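Have a look below at one chain only, the form deposited in one PDB entry, in structure tokens format.
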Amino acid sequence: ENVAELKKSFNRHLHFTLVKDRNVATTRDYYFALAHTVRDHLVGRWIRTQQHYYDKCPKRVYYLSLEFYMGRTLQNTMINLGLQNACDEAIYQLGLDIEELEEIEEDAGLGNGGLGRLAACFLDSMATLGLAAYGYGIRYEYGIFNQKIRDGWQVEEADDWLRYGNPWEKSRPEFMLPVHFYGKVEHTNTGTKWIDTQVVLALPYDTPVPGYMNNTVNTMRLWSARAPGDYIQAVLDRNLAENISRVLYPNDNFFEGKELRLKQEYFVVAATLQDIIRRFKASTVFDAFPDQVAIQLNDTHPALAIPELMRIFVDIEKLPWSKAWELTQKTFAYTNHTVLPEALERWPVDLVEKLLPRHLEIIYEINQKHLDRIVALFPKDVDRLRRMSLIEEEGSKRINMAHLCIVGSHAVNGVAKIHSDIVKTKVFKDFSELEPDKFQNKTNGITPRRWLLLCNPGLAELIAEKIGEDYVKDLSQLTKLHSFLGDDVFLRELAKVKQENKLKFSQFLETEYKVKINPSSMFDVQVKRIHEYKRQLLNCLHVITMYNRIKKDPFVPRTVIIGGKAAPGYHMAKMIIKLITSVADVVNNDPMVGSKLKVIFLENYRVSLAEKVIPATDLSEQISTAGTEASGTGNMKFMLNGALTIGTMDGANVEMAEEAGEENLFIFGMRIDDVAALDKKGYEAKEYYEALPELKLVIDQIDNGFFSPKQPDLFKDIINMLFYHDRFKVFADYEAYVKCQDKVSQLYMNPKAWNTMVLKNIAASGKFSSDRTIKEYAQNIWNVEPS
């Protein structure tokens, strides 16, 4: 692992692996040569790590998720293996730019946003904590679509990230497994039998998950679907079975009850459980299963894992229901990341019956023994029963997957105090009252490797020089930065790092779009999925408000960046995008405003891009309506990277305030109980429209066509929603939000005070390391021990 050997290895791969020489080698060839050179360093530890788990048999943790928002692997692997500087040097000496090589790698965007990214950070933390952890998901041929902007609107493009091949995956053919669909049930004397099913093969692909500087390399196993004139059609028709793992459903906090999606859910669940059972057996027999296996259900998407495990225990392993049921509960733990009713997974019974007849039976059975227990405890409370039932039958009966996850798991957790409380005491009150100890909180976290050492080497280096490198593995150590609260030199060094990041990102912005970026402008950014509850619409109102101010009285200059993908079928989100692009068009071109204000819709927001924009932001927008963001994680990334936060008391924003002190965050707007009171009284949007002149103008402008002269009624739908159907009370926080924004500008005029607040935020980031999050999961849910 010295420069000379890394270089010879690079040349060896370019030659034998890419079949190229320096004469005709492409940039892609160089990236691959480097990827392979780095990859070779993972094998030894990967083999030894998995060997170790088999020998020592520690309890294994299986993170079952439909999403793994991994991003790029090259740099992350180099850093965790402590190879980055040596590789950087090797590539430099070969006359190549390692950064250009790194940009060649496609993001493994097998996730939509927060949920999927949390799984990625967890895999990193679990490997860094030396846990015998495994990630189980689907190897979508197409991840979250690539987003482009045409005439101001979002346009989707298929993300075939595997086009040129993925060097970071290793197919494991010997572990292929069959998954069954449809067919019918038969209750023979030899047990229940699911027959006449269609079979789809599940081919596993393993991706190494290197812990940070610790010799352990865990595994992320993703399953790919494979089929088991007229002849030609039959061959072509193999595409149907393979379509199961073809595309990631692009919905963020929205349930789409498509049959193909249900197929994916069962697919990953069936293959995973079988693979887990097989491994357990390769280690009466299943009495130790729960002590050797923990399966975390990442949201209800893999809820079917409960009846599937039961199906395996009962129909296959011939275990009695009672025993199987206890083993099941001991095995599963469920994490709730949802709050919005539209995000709730509720599969119509008819669909499940046709696709998974045996599972429906097992679910009715579970529900039966579940309700019999309630009736026994509350003989008279009838509403209780249909309220706690796994089946809701109000015209088109459907299965409440969350309820199934609650009864089939020994632990249920929310992802932030405020959220876990709501989940426990409100959403699933009937359940928590019966099983208090079942519900928990596990406040989310982000990995400080990818989200600091990787994306912000400048900040990482500065911090390291002041307090050592212990913080990488123990982020709580960041509090030591408090000793520099008075250190003017340090405060200057901190701001410089931010400046460099902003300068670097500004070049990016300029090369990508025709807009001159004011390098000294405050970087105000809101990057996250486009959704009404996240309210980038409110941000847009504020942008317009600032525009009207400059026009009226021609101020802290700022570059307002808003980015995020909208689900293809999410109409309002797409309108909001067009709204933002429209507004940006007028503001960026109005000569009167000039360099005072610039607006950018950051296109194709994704993990690798987040790694670029976050380190360069000054003001982080986390303005969801109180009670809507279960937790949020971008908020944590911004905090860790030197940005101040403007947001509501929602999700983890609350805990960020607790950690750094509420005065060091720009909190504003209604709080959960405030929103409750307004719903009580009834929300009348027109009220604020009338009482708020700056607001009225903004609205009139967008509704009049000021931002769409060639098509004056373009934003009609947004207006109507905002006035008669805004479930997220956008106008209700407008004033508080705008006032808060001005305060931010005020502080920004004072570099010493601004960076002093930044330091307090960075120094209080510790809690938000996913390492801390995983330790809690390990200790209070999986009953597992680091290393």
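Here the rigid core means the biggest group of C-alpha atoms that line up within 1.5 Å when the two forms are laid on top of each other. Don't overthink the numbering: it's just position in the shown sequence, from 1.
Absent from the display: the form deposited in another entry. The rest refers to it.
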With the two forms superposed on the core, which of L83, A495, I104, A343 shows a CA shift of 2 angstroms or more between this form and the one not shown?
-> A343
Against the rigid core, is the Cα displacement of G563 between this form and the one not shown at least 2 Å?
-> no
Large Cα move at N298 between this form and the one not shown, threshold 2 Å, rigid core | no
Core-superposed comparison between this form and the one not shown, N166 Cα displacement 2 Å or beyond = no
Cα of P250 vs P178, shift of 3 Å or more in that other deposited form, relative to this form: the pair sits closer
